[PDB]
Amino acid sequence: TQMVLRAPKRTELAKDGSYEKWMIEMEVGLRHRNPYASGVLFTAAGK
Amino acid sequence: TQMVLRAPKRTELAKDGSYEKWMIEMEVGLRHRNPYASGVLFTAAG
C-alpha cells in the first residue's frame, strides 16, 4: 500500500516580486503486510 | 505607436512582518514606422 500523509496540493507562495514561485509538495510511505509475503531475486554473474 | 505588453497592475507582494509592501509594474515600448517619417532638430547656439 501507499501510505500518504500530505497528498499533493497547490501552493500559494509569497510571490513578492516580478517573479512567480510555485511548489508541489508531497509525503508518501510504503507498507508491506508481511516481509515473506513477497520475494526479491538479485542477479549475479553466470558460470 | 505605443507598444503595450503588460498593462499597469497593482500587485500586493509578500509581507514577512509589518512591511505591507505593494508594487506597480508596467511593460511598454515605442515603435516608429520609418526613421525619416519624423524629424528632430537640436538647439545648440555654441
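Its PDB record attributes the structure to cryo-EM, giving the resolution as 3.5 Å.

A. Structural context of the layout of surface pockets. A volume near 180 Å³ is recorded for the largest pocket. Taken together, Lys15, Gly17, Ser18, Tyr19 and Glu20 of chain A together with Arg6, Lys9, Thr11, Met23, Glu25 and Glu27 of chain B form the lining of the largest pocket. Secondary-structure elements contributing two or more residues to the lining of the largest pocket are β1 (2-11) and β2 (23-30) of chain B. Of the residues that constitute the lining of the largest pocket, the class distribution is two nonpolar, three polar and six charged.

B. Layout of the side chain of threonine 11 of chain A. Residue and element names in this part refer to chain A. Relative to the helices and strands, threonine 11 resides in the loop between β1 (2-6) and β2 (27-30). Among the residues examined, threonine 11 registers a relative accessible area of 17% and is labelled buried. Not counting residues up to four positions away in its chain, the partners in contact with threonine 11 are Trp22, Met23 and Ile24.

C. Broad picture of the interface of chain A and chain B. Across the contact, five residues belong to chain A and six residues belong to chain B. Taken together, both faces of the contact between chain A and chain B bury some 380 Å²; the carbon and sulfur share is 51%. Its largest share of buried area at the contact with chain B, chain A owes to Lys15, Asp16 and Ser18 of chain A, together 84% of the area lost on that side. Here chain A is connected to chain B by zero salt bridges. One can count three residue pairs in polar contact joining chain A with chain B. Looking at the side of chain A that touches chain B, its residues break down into one nonpolar, two polar and two charged.

D. Region of the structure containing the pattern of salt bridges. In the structure shown here, the tally under the stated rule is three salt bridges over all chains. Put simply, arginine 6 of chain A and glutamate 27 of chain A hold a salt bridge, and the shortest N to O gap is 3.6 Å. Of this pair, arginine 6 of chain A sits in strand β1 while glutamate 27 of chain A sits in strand β2; the two residues are 21 residues apart in sequence, bridging distant segments of the chain. Of the charged contacts, one joins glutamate 25 of chain B and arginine 6 of chain B as a salt bridge, the two residues approaching to 3.8 Å between their closest N and O atoms. One end of the pair, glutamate 25 of chain B, is in strand β2; the other, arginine 6 of chain B, is in strand β1, and 19 residues separate them in sequence. Here the residues in one salt-bridge network are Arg6, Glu25 and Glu27 of chain A, joined through shared partners.

E. A nonpolar patch on the surface, seen in detail. Residues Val4, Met26 and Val28 of chain A make up a contiguous nonpolar surface patch of roughly 270 Å² in combined accessible area. Turning to its location among the elements, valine 28 of chain A is positioned in strand β2.

Criteria and thresholds
- Residues numbered from 1 in each chain as written, not as in the entry; some residues may be left out.
- Chains lettered and ligands numbered in written order.
- Part of a larger assembly, values for the part shown.
- Heavy atoms only, no water.
- 1 Å grid on protein atoms, 1.4 Å probe; cavity = no way out; pocket = protein on both sides within 12 Å on 5 of 7 lines; lining within 4 Å.
- Points joined across faces, edges and corners; volume = space filled by probe spheres on them.
- Helix = DSSP H or I, 4+ residues; strand = E, 2+ residues; numbered from the N terminus.
- Nonpolar A, V, L, I, M, F, W, Y, C, P; charged D, E, K, R; others polar.
- Buried < 20%, exposed > 50% of the residue type's maximum accessible area, 1.4 Å probe, protein only.
- Contact = heavy atoms within 4.5 Å.
- Buried area = accessible area lost by both parts, 1.4 Å probe.
- Salt bridge = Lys/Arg side-chain N within 4 Å of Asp/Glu carboxyl O.
- Polar contact = N/O pair within 3.5 Å; in protein donor to acceptor, adjacent residues only side chain to side chain.
- Patch = residues over 30% accessible without salt bridge, like charges linked within 9 Å, V, L, I, M, F, W, Y side chains within 5 Å.
- Areas by Shrake-Rupley, 256 points an atom, 1.4 Å probe, with all protein chains shown as cover.

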